[PDB]
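Engineer: Attaching a single structure in structure tokens format; questions to follow.
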Amino acid sequence: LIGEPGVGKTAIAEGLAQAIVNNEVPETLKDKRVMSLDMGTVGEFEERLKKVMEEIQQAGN
Amino acid sequence: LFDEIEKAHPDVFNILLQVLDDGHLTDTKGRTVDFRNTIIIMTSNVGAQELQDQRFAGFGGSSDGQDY
């Protein structure tokens, strides 16, 4: 999601998470959990990023 | 049995190396004990986290099929 600051760059994904309960997206996007992770969280620093990527690589959910 | 060998003072490791090669020890009183009729087993907690990392490397897969 690319856009000007304050134009709804973060609000675009906000409505997708709410629509997950109502199943407003297609079956491909259904049964999926979207996580908005801040960029300030992250060898030692990259361990958290690697663990998150590994657990979401072969899962796809 | 030497449990928690991964968490021990370094000086204790020096004694262990002597037992493995020399095969006997002498106490402060000068009497010599024997180790030719004993089996030494040490339990370490290291590497277990590495093994479970292989179990969680992929979602639904592991590395048990590899050669021992």
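Chain labels A, B, ... are given in the sequence in which chains occur in the structure tokens; within each chain residues are numbered consecutively from 1, and ligands are likewise numbered from 1 in the order shown.
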Taking only residues of chain B that have an atom at most 9 Å from an atom of chain A, what is each one's shortest atom pair and its distance in Å to one decimal, using only C-alpha atoms, in chain and number order, as a Markdown table?

Structural biologist:
| residue | atom | partner | partner_atom | distance |
| --- | --- | --- | --- | --- |
| B:56 | CA | A:55 | CA | 7.5 |
| B:57 | CA | A:54 | CA | 6.4 |
| B:58 | CA | A:58 | CA | 5.7 |
| B:59 | CA | A:58 | CA | 5.0 |
| B:60 | CA | A:58 | CA | 7.8 |
| B:61 | CA | A:58 | CA | 8.9 |

Engineer: Skipping near chain neighbours, those fewer than 3 positions away, what residues fall within 8 Å of residue 24 in chain B using only C-alpha atoms, listed as a list in words?

Structural biologist: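 Neighbouring residues, sequence-local ones excluded: residues 18, 19, 32, 33, 34, 35 and 36 of chain B.
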
Engineer: So which residues touch residue 20 in chain B within 12 Å, counting only C-alpha atoms, skipping near sequence neighbours fewer than 2 positions away, as an NGL selection string?

Structural biologist: :B and (13-18 or 22-25 or 34-36 or 38-41)

Engineer: Residues within 12 Å of range 15-31 of chain A, please, as a ChimeraX atom specification. Count only C-alpha atoms; anything in the same chain fewer than 4 positions from it doesn't count.

Structural biologist: /A:8-11,35-36,59-61

Engineer: I need the residues from that last selection saved to file as a compact mmCIF listing (two decimals), in the first residue's frame (with N, CA and C atoms), if you can.

Structural biologist:
# COMPACT_ATOMS: atom_id res chain seq x y z
N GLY A 8 -4.77 7.64 4.02
CA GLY A 8 -5.41 6.36 4.25
C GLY A 8 -4.54 5.18 3.90
N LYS A 9 -3.22 5.37 3.96
CA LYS A 9 -2.30 4.27 3.67
C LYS A 9 -2.45 3.15 4.69
N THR A 10 -2.57 3.50 5.97
CA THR A 10 -2.80 2.49 7.00
C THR A 10 -4.27 2.15 7.16
N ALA A 11 -5.16 3.09 6.83
CA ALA A 11 -6.59 2.84 6.95
C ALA A 11 -7.11 1.91 5.86
N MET A 35 -1.91 -9.34 9.85
CA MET A 35 -1.25 -8.73 11.00
C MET A 35 -0.49 -7.49 10.54
N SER A 36 -0.77 -6.36 11.18
CA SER A 36 -0.09 -5.10 10.90
C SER A 36 1.03 -4.93 11.92
N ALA A 59 2.87 -21.90 5.73
CA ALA A 59 1.49 -21.92 6.21
C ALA A 59 0.55 -21.28 5.20
N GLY A 60 0.75 -20.00 4.91
CA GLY A 60 -0.10 -19.28 3.98
C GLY A 60 -1.41 -18.78 4.56
N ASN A 61 -1.68 -19.03 5.83
CA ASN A 61 -2.90 -18.57 6.48
C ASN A 61 -2.73 -17.23 7.16

Engineer: What gap, in Å, lies between CA of residue 6 in chain B and CA of residue 63 in chain B?

Structural biologist: 24.6 Å
